[PDB]
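In the form deposited in one PDB entry, a lone chain appears below as structure tokens.
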């Protein structure tokens, strides 16, 4: 039984905050590996995932990668990369060792640049993947005029910059573009002043509370307003200075949150023979005391992408693995072309790549009294939107008008 060695790169230590991602996804990785082994899907071989702790640090992550190449087995590909600056460093260097990388958690838009990161693939949609979803939401509700509110931090300005290209050549006008660093009130008053009704917000959890307080003071809430903001904030994020909690909640009422979908809502059998719901129960049992991670299904489908890629690679070599050292440009290209052929229905939905980028599912949520409620989903493959019939609500008789 020869090994097919894979370089696992992620934060794993309890001392590192993002170590919760790496630990939260391992039961999911263990489940995928266990199945593929039992079924002997890679017969005669077996999947040899080796784990190396990046510690979410540029220097330590690089040494973890270097040590894996020096002392570790001859890895065929990279699995992981969680923290954005660590993943960028490894992802840029990939071709030096003819290593194809598949990430399940790095969502930074930067990585979509195939001139800089040609050997990099990801099963998770990037931060920019909300923009085509928002376009469909705007078209659905006939919102042809929007305002933007962005925090002056790279994570958010990257998203706002991509929106320009997504809305170009589309029937949508950005009447007002406002930026802020520490206090959003000036920008919120400018938005009100320009009579903006539909706001596309891009800011962190801490700034969101400030935004909604300024919205309450400027009366930029209720029947005439629609706030479309990030959907990745922690639950009860608002509970955690001039506004009262009741006044914040009044202004927060009806906001649309946008984020990637953690698991498929379709009760259909996936590549493993299990439905996403069945997989979720199996994951929850295997995890034990380890806190769940929203990237678990992406890590699970990630293992299947590797096994299916290796299968296709094995066929290509048989149509004409042990001897592969980071020297074999040909095998790296075989593995590269095989991963680009990826097309199966996984726990996160249909797993397909478009220039190393995942074409996946975007979740829409709406703040309803006390929490975010799922109101719809965007299928990036089909470029379609499905709004949940009797969930999404408006304070008026009709959804708000854009002017």
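By rigid core we mean the largest C-alpha set that fits within 1.5 Å across both forms. Numbering follows the first chain given and starts at 1.
*Asks:* Please check residue 286 against the other PDB entries of this protein that were compared: is it missing in at least a third of those that model both its neighbours?
*Replies:* In all of the other entries, residue 286 has coordinates.
*Asks:* Is residue 241 left out in a third or more of the other entries?
*Replies:* Missing in at least a third of the others, so yes.
*Asks:* With residue 320 and residue 321 adjacent in the shown sequence, let me know how many deposited residues between them lack coordinates: none, 1 to 3, 4 to 9, or 10 or more.
*Replies:* Per the record, 4 to 9 deposited residues are absent between residue 320 and residue 321.
*Asks:* Between residue 154 and residue 155, determine how many residues of the deposited chain lack coordinates; answer none if the chain runs continuously, otherwise 1 to 3, 4 to 9, or 10 or more.
*Replies:* Missing residues, residue 154 to residue 155: none.
*Asks:* Quick check: 105-113 versus 160-168, which has the larger average CA B-factor in the record?
*Replies:* Mean B over CA atoms: larger for 160-168.
*Asks:* Comparing 324-332 with 134-142, where is the mean C-alpha B-factor higher?
*Replies:* So the stretch with the higher mean C-alpha B-factor is 324-332.
*Asks:* Highest CA temperature factor in the entry: which of 85, 123, 175, 128?
*Replies:* Answer, based on the entry's C-alpha B-factors: 175.
*Asks:* In this PDB entry, which of 65, 46, 353, 364 has the top CA B-factor?
*Replies:* Answer, based on the entry's C-alpha B-factors: 46.
*Asks:* Check where residue 309 lands among this chain's C-alpha B-factors and tell me if it's the lowest, middle or highest third.
*Replies:* Middle third, going by the recorded CA B-factors of the chain.
*Asks:* Please place residue 282 in the lowest, middle or highest third of its chain according to the CA B-factor in the PDB entry.
*Replies:* Within its chain, residue 282 is a middle-third residue by C-alpha B-factor, going by the deposited values.
*Asks:* Compared with the other modelled residues in the chain, in which third is the CA B-factor of residue 369?
*Replies:* Its C-alpha B-factor, which the entry lists for residue 369, ranks in the highest third among residues of this chain.
*Asks:* Compare the C-alpha B factor of residue 382 with those of the other modelled residues in its chain, then answer lowest, middle or highest third.
*Replies:* For residue 382, the deposited C-alpha B-factor lands in the middle third.
*Asks:* For residue 98, does the deposited CA B-factor place it in the lowest, middle or highest third of the chain?
*Replies:* For residue 98, the deposited C-alpha B-factor lands in the middle third.
One more form of this protein, deposited in another entry, exists but is not displayed; see below.
*Asks:* How about residue 218 - superposed on the rigid core, does its CA move between this form and the one not shown by 2 Å or more?
*Replies:* It does, since the residue 218 C-alpha is displaced 2 Å or more between this form and the one not shown after the core fit.
*Asks:* Rigid core aligned, does the Cα position of residue 143 differ by 2 Å or more between this form and the one not shown?
*Replies:* It does not, since the residue 143 C-alpha is displaced less than 2 Å between this form and the one not shown after the core fit.
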